[PDB]
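Notes for the one structure printed next.
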Amino acid sequence: XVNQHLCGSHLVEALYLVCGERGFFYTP
Amino acid sequence: XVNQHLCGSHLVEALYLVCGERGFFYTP
Amino acid sequence: XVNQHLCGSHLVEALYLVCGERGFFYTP
Amino acid sequence: XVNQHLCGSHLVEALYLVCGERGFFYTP
Amino acid sequence: XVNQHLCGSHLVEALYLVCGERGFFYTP
Amino acid sequence: XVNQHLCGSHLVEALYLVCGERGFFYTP
Amino acid sequence: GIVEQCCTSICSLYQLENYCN
Amino acid sequence: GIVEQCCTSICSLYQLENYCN
Amino acid sequence: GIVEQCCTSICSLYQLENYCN
Amino acid sequence: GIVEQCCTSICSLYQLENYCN
Amino acid sequence: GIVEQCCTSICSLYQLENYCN
Amino acid sequence: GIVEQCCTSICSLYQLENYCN
Ligand SMILES: Cc1cccc(O)c1
Ligand SMILES: Cc1cccc(O)c1
Ligand SMILES: Cc1cccc(O)c1
Ligand SMILES: Cc1cccc(O)c1
Ligand SMILES: Cc1cccc(O)c1
Ligand SMILES: Cc1cccc(O)c1
Ligand SMILES: [Cl-]
Ligand SMILES: [Cl-]
Ligand code: NA
Ligand code: NA
Ligand SMILES: [Zn+2]
Ligand SMILES: [Zn+2]
């Protein structure tokens, strides 16, 4: 679903910032 | 370090798109 | 329409990434 | 070149915003 | 609220570009 | 300077996220 | 605010300029 | 249009290559 | 998952932090 | 090129309109 | 300013928070 | 890591795929 896809794009960026040197796990 | 940070932002967006439903770990 | 505007923004990014040196037209 | 790649990404965004319904070509 | 959040992200990028050296307050 | 301009684009996004309902002041 | 003004109907660049310093 | 095709169901990167030069 | 959690309802920074390693 | 013009000194939005259709 | 502070050396979340209202 | 691999010389989409789950 496109709304979820666009949301996920922002989520990745937010995780990038928030998680810093810890990094993150993106599972859709 | 700032250049690396900027680059990483773009890398994780690229990974989001390339990896799709499988997702990815970002572990810097 | 803001929804189309936001979708387009992500589409152009995706095109930029996938199209590489070939480039692209965005002509909605 | 990663610098050109990153610059281009922002350029396409800017073009998308300024060009409006006219659209644009990115053909580096 | 998520849609508003996504939209705001794009708005502040647009403001960054339109406002240039003058900058802007984002006050939601 | 283009490196500063690209940096500022990411800074705006980071402020957007970090500041939440407080919003922010972007002065270049 | 800008969100309620601009997140349903698209704001022109001129309208967005209204929010500059 | 790319909007008709890709803003209402997700287009893969493979599909989006159709819009390259 | 994060989409289910954060795309229908909004996630705080703390909630986003859940997805950090 | 747009890269030569705009990746080495900042192009305004006005300048970038030159690359629109 | 924020560019001087955060574009030559990297800024933590706390440092970014300085620019919040 | 990916940053040292991909932040000077551009990584192809195939190279980036190596980091998928
Ligand atoms: C440029 C832009 C982005 C988001 C909403 C708008 O009305 C306009
Ligand atoms: C990559 C992308 C962006 C926006 C819509 C889509 O279907 C696909
Ligand atoms: C930061 C962010 C982006 C997208 C969805 C959310 O709930 C939160
Ligand atoms: C808006 C923009 C992006 C990248 C380079 C520039 O000169 C201008
Ligand atoms: C988050 C971020 C972006 C750009 C520069 C910085 O120092 C920090
Ligand atoms: C697509 C992408 C972004 C940033 C660095 C790279 O090597 C490749
Ligand atoms: Cl969006
Ligand atoms: Cl950048
Ligand atoms: Na976790
Ligand atoms: Na402050
Ligand atoms: Zn978006
Ligand atoms: Zn960038």
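The way I read the labels, and the way they are meant: chains A, B, ... in the order of the structure tokens, residue 1 as the first residue of every chain, and ligand 1 as the first ligand shown, with later ones counted on from there.
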Can you provide chain I as a compact mmCIF listing (two decimals) with C-alpha atoms, in the first residue's frame, superposed onto chain G by least squares across all C-alpha atoms matched in order?
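Wrote it out as part_23.txt, contents follow:
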```
# COMPACT_ATOMS: atom_id res chain seq x y z
CA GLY I 1 -0.96 27.06 10.72
CA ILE I 2 1.23 25.75 7.90
CA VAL I 3 -0.08 22.17 8.24
CA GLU I 4 -3.67 23.29 8.10
CA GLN I 5 -2.89 25.58 5.19
CA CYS I 6 -0.56 23.35 3.13
CA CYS I 7 -1.33 19.70 3.90
CA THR I 8 -4.96 19.44 2.84
CA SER I 9 -4.63 21.84 -0.05
CA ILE I 10 -1.45 22.49 -1.90
CA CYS I 11 0.64 25.66 -1.32
CA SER I 12 2.35 27.73 -3.98
CA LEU I 13 5.84 29.07 -3.50
CA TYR I 14 4.27 32.48 -2.54
CA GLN I 15 2.13 30.76 0.11
CA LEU I 16 5.17 28.92 1.45
CA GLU I 17 7.02 32.22 1.57
CA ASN I 18 4.49 33.39 4.16
CA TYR I 19 6.35 31.24 6.70
CA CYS I 20 9.72 32.80 6.00
CA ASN I 21 11.06 35.27 8.50
```
Looking only at alpha helix (DSSP H) from DSSP on the backbone, list the matching residues of chain F as a list in words.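 Restricting chain F to alpha helix (DSSP H) produces residues 2, 3, 4, 5, 6, 7, 8, 9, 10, 11, 12, 13, 14, 15, 16, 17, 18 and 19 of chain F.
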If we count only C-alpha atoms and set the cut-off at 10 Å, which residues sit around residue 12 (chain C), ignoring sequence neighbours fewer than 5 positions away in its own chain? Please answer as a list in words.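 Neighbouring residues, sequence-local ones excluded: residues 7, 17, 18, 24, 25 and 26 of chain C; 9, 12, 13, 15, 16 and 26 of chain D; 16 of chain H.
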Length of the CA of residue 2 (chain A) to atom 1 (Cl, counted along the ligand's line) of ligand 7 vector [Å]: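 About the pair CA of residue 2 (chain A) and atom 1 (Cl, counted along the ligand's line) of ligand 7: they are 9.5 Å apart.
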Report as JSON lines: every residue of chain E with an atom at most 9 Å from ligand 7, its closest pair of atoms, and their distance in Å to one decimal, counting only C-alpha atoms and all ligand atoms, with rows sorted by chain and ascending residue number.
```
{"residue": "E:3", "atom": "CA", "partner": "ligand 7", "partner_atom_place_in_ligand_line": "1 (Cl)", "distance": 7.5}
{"residue": "E:5", "atom": "CA", "partner": "ligand 7", "partner_atom_place_in_ligand_line": "1 (Cl)", "distance": 8.6}
{"residue": "E:6", "atom": "CA", "partner": "ligand 7", "partner_atom_place_in_ligand_line": "1 (Cl)", "distance": 4.8}
{"residue": "E:7", "atom": "CA", "partner": "ligand 7", "partner_atom_place_in_ligand_line": "1 (Cl)", "distance": 6.1}
{"residue": "E:8", "atom": "CA", "partner": "ligand 7", "partner_atom_place_in_ligand_line": "1 (Cl)", "distance": 9.0}
{"residue": "E:9", "atom": "CA", "partner": "ligand 7", "partner_atom_place_in_ligand_line": "1 (Cl)", "distance": 7.8}
{"residue": "E:10", "atom": "CA", "partner": "ligand 7", "partner_atom_place_in_ligand_line": "1 (Cl)", "distance": 7.2}
```
How would the residues just picked look written out with C-alpha atoms as a PDB file, in the first residue's frame?
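File again-v2.pdb, as written:
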```
ATOM      1  CA  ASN E   3      -0.361  12.019   7.454  1.00  0.00           C
ATOM      2  CA  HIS E   5       3.551  14.403  10.236  1.00  0.00           C
ATOM      3  CA  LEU E   6       4.564  13.216   6.768  1.00  0.00           C
ATOM      4  CA  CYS E   7       3.254  16.368   5.164  1.00  0.00           C
ATOM      5  CA  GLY E   8       5.114  18.574   7.689  1.00  0.00           C
ATOM      6  CA  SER E   9       8.389  16.881   6.817  1.00  0.00           C
ATOM      7  CA  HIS E  10       7.956  17.916   3.239  1.00  0.00           C
TER       8      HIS E  10
END
```
In Å, with one decimal, what is the gap from CA of residue 4 (chain B) to CA of residue 14 (chain E)? 24.0 Å
Two-atom distance - CA of residue 28 (chain C), atom 3 (C, counted along the ligand's line) of ligand 1 (Å): 16.1 Å
